[PDB]
Amino acid sequence: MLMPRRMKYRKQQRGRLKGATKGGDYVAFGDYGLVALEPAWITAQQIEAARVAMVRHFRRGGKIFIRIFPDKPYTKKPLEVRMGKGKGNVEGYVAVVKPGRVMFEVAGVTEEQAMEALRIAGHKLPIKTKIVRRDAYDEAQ
Amino acid sequence: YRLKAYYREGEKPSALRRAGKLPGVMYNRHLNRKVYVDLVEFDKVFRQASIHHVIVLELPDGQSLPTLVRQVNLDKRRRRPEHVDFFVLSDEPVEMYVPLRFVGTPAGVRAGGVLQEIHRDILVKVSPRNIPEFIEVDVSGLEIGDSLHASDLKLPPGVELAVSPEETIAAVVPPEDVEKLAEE
Amino acid sequence: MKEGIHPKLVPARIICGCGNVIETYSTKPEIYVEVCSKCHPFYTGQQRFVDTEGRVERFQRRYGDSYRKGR
Amino acid sequence: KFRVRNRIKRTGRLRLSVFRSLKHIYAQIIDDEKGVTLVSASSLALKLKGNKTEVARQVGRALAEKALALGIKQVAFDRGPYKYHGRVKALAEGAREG
Amino acid sequence: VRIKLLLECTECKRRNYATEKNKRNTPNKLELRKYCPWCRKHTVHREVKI
Amino acid sequence: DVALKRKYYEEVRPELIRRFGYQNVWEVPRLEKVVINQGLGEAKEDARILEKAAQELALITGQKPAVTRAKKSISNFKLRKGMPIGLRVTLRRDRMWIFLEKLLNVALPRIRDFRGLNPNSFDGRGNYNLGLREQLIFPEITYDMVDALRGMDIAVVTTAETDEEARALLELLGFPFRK
RNA sequence: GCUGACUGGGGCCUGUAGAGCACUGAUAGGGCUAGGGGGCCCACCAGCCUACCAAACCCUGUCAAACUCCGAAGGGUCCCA
RNA sequence: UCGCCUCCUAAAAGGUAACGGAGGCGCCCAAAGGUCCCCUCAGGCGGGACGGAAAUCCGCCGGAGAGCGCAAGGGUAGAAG
RNA sequence: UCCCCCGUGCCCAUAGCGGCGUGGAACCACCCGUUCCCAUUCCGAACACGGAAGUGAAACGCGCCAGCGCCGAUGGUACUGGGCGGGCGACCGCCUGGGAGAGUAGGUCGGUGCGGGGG
Ligand SMILES: [Mg+2]
Ligand SMILES: [Mg+2]
Ligand SMILES: [Mg+2]
Ligand SMILES: [Mg+2]
Ligand SMILES: [Mg+2]
Ligand SMILES: [Mg+2]
Ligand SMILES: [Mg+2]
Ligand SMILES: [Mg+2]
Ligand SMILES: [Mg+2]
């Protein structure tokens, strides 16, 4: 999958999901990008499932830029166990994405391709998405 | 590129937009006024104007002063403009972003790879009067390996730069085909 | 300064098998010496102790140099 | 920065700050909290003798002389990079006990 | 504490006490020290056991 | 009376002034310090010290050395928070000349060997720093007192700057060089 | 026997929200570049190339309850009402 | 699991729970105490006899990332080192 | 009163770092020495003493520059006392006060008391 190589703490509280995006709202790298429209924990297996979908659509071509990173520990208690006895074990890792974050984005591929490519990856994600392309993203001078 | 502005006394910015306008501001050394522009009209300009070309504003005083966007703050969600910063041009030397027009088919593409345009601009200082349009760039010749950058561009008359200039501006990276899964 | 420990400090002789040398000021009288017997700086040295005893005198520039190999 | 500045250990009022120059030996009786220098006395910059550990032994009682005229009879010593030695400058009066 | 061992300090000029801790092994054995008494005050004290 | 002394005041001093030089009687390349660390051959101290390097090497330069001690943890070097492993000696002025001069052109020699001093070895402020294969072999020998082949590493800090100003000072003072 | 809750005005005490990487860690790509597969190899004296691995470091993008260069709203307390 | 210490959870005073998250203590030091006087680190880059990539040296650059008996935090070179 | 320098404090980077000026008449420093008080884990390097040939090189003082550092608006957000609503939920919106952090324009190579020596 995709996950941190080291850590200071193996497990962490759940935290909340209010707010916009904090950052990562403009294209920055490629020509097109997939933006999140709802709050959600995107799991490593979801990210992978999307990325492969990408590389799979446009076989041998362009560059894909995964911009979200699963570094937050997802926990789960053993099958059929009661409440108590301490915190559960790490089942996987997630990426906390809030409305507006540009999760993925492609480069070096025909427009038509960028579309169907990003559309598919959307389906793999557990939230509503929107495709876009460089615009007022030139945050400069 | 002509875009009209209007003055703002000091009444709820939330209203301006809940209307159909886009609040903003004008400034440089001297002068700094709270102004605004029609949203749907300012967009049509910026789409091409961007921050690479000078946006000539106006006002009631019929004074068409030259400027260029210093920064546009977005809405994060809804992702649309929410406020603009207009920089009024003078005669003094100013630093801006001049678009790099990478022309040519890099040998690395036909071969194997994608032209990742690491930097589609480059802040450079210059004279308002003398503002370039686009700094062309020689891309043909770039193979799969590393790629040209920063200190490798034809800097027009009276236009140096505020770069490293080691800052890589482009690089050809091999393409992604099949064969995946490394964690067996 | 520092009282005690310190050496003695006294002049003696720097002998030399090739003429006098440095002026006493250390703590040793006798010694093999040999300042350099050939300096060494760039040249005047490199006395490369390889001298094939009595070089030349035999096997020298003979046997018939290159010759009319040109023909 | 040979730093030092032990003077920071100064609480009790009136510090007689000194100076060990190659030619002269200055001295100020300053009262902080007010940031004012009350009395003073310089080396040959005030004219006197010619010998180091000598001019000092007197450049002191001089300052001590003036100081008493102002009732300033109690102070604390100093000299940042001091080392209390040589030009030590002992002196009567100036109820400093030092 | 097994090795430290807590002992007292006798006035040697007579009785008295104060008491502290030692460390037999670590650089030690027999404790002599200046301590102010109560039964006159101003003397040297040795170890003991109690 | 001093040996080199003249060599620098009389010679070198002028050749530089005009080859460089100019203006001040101070901004002229000249040495100011001569330190030298042993380290303790191919095996350090040990509770049973060594100190012979001290007593001996001490007077092979005329004046006892000090004793430095490690720091930090070792692990695979055998040492600890240190103590000792050092034993070095600085020293300037007189002894600086006497040690290297009454040993520069007469001592350094003899030791069965090659060309001159390693060229590319200077830096800035011109200080150089050679470092014989330790080898306590000569000068001032007076045998006996022979336990280890411990020798040293000499450090020579000079004024000057760059490498020429520095090198010029040594080269024109009596420092055979480059291979 | 006016000191109460509550409130107005002062003075500070603080590190949450938010945000941000300067610290501690986590981070994708790129540049540059110790190494190490290894590559043309004139063979020890370096060497040259590399759509592999890859330090440290810089650039672009981010992440944190046990990170903070920064930092609200508020809250606490004392004084006068 | 049961007493004690550090950090978080704790919502910027204090306090605050759960078989919540993550680590320590049941000692030690006669010098690791008192006072007086001196001294300033870690690393980075050079240059260096054996020298790993930190032994000890020399030269710059380096406000603290070193050090402070042991956990963690706070503190600290204008010293507590 | 007014400039220069020597000691001293306050403000604690717009008060520094680094380049480039320059200064010795005086003070200061480097130096000349180290018999003497005094010293170094070893060195008069540092402390320290006695000096006075030479010097401003070093160090320091005083100017110059914006490149690093630092300072940093105005606007607009975020967030939020208090009040009132929406969504199954994850969350979100309006009213009224307060209101960042980043970013941008731009600012800065100090300001300033007391006592001394000197024009
Ligand atoms: Mg009342
Ligand atoms: Mg009350
Ligand atoms: Mg109140
Ligand atoms: Mg926080
Ligand atoms: Mg937060
Ligand atoms: Mg209050
Ligand atoms: Mg609390
Ligand atoms: Mg609270
Ligand atoms: Mg002590």
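Residues numbered from 1 in each chain as written, not as in the entry; some residues may be left out. Chains lettered and ligands numbered in written order. Part of a larger assembly, values for the part shown. Heavy atoms only, no water.

Chemist: Outline the interface of chain B and chain A, supporting the account with residue identities and numerical values.
Modeler: Residue-level contacts link 27 residues of chain B with 35 residues of chain A. Regarding the contact of chain B and chain A, the summed buried area is about 2,700 Å², with carbon and sulfur atoms giving 49% of it. When the buried area of chain B at its contact with chain A is split by residue, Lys76, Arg79 and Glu176 of chain B rank highest and sum to 28% of it. Summed over the shared surface of chain B and chain A, the number is three salt bridges. Among the ionic pairs, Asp25 of chain A bridges to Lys76 of chain B, the shortest N-O distance being 3.2 Å. Summed over the shared surface of chain B and chain A, the result is 12 residue pairs in polar contact. (Contact = heavy atoms within 4.5 Å. Buried area = accessible area lost by both parts, 1.4 Å probe. Salt bridge = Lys/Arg side-chain N within 4 Å of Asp/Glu carboxyl O. Polar contact = N/O pair within 3.5 Å; in protein donor to acceptor, adjacent residues only side chain to side chain.)

Chemist: How would you explain the protein's contact with RNA strand G if you had to name every residue and give the values?
Modeler: The environment of RNA strand G is formed by 32 residues, the closest being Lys22, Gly24 and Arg67 of chain A together with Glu167 and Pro174 of chain B. The share of sugar and phosphate among atoms of RNA strand G within 4 Å of the protein is 72%. Between a phosphate oxygen of RNA strand G and a main-chain N or O atom of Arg5 of chain A, the distance comes to 2.7 Å. When its residues are assigned to classes, the surface near RNA strand G shows 11 nonpolar, nine polar and 12 charged. (Near = heavy atom within 4 Å. Nonpolar A, V, L, I, M, F, W, Y, C, P; charged D, E, K, R; others polar.)

Chemist: Can you break down the protein's contact with RNA strand I residue by residue, with the values?
Modeler: Close contacts around RNA strand I come from 68 residues, with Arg8 and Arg17 of chain B, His6 of chain C together with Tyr26 and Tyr82 of chain D the closest. At 2.7 Å, a backbone N or O of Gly19 of chain A approaches a phosphate oxygen of RNA strand I. In this structure, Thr37 of chain D approaches RNA strand I through a main-chain N or O atom, which is 2.7 Å from a sugar or linking oxygen. Those elements that place two or more of their residues in the surface near RNA strand I are α1 (13-19), β2 (21-27), β5 (66-74) and β6 (81-88) of chain B, β2 (27-31), β3 (36-40) and α1 (52-69) of chain D together with β2 (88-89) of chain F. In terms of residue count, β6 of chain B provides more of the surface near RNA strand I than any other element does, four residues in total. Each residue belonging to the surface near RNA strand I can be placed in one class, and the counts come to 20 nonpolar, 22 polar and 26 charged. (Helix = DSSP H or I, 4+ residues; strand = E, 2+ residues; numbered from the N terminus.)

Chemist: Could you give an account of a nonpolar patch on the surface, with specific residues and numbers?
Modeler: There is a patch of nonpolar side chains on the surface, built from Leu44, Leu46 and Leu48 of chain D and spanning about 200 Å² of accessible area. Relative to the elements of secondary structure, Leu48 of chain D occurs in the loop between β3 and α1. (Patch = residues over 30% accessible without salt bridge, like charges linked within 9 Å, V, L, I, M, F, W, Y side chains within 5 Å. Areas by Shrake-Rupley, 256 points an atom, 1.4 Å probe, with all protein chains shown as cover.)

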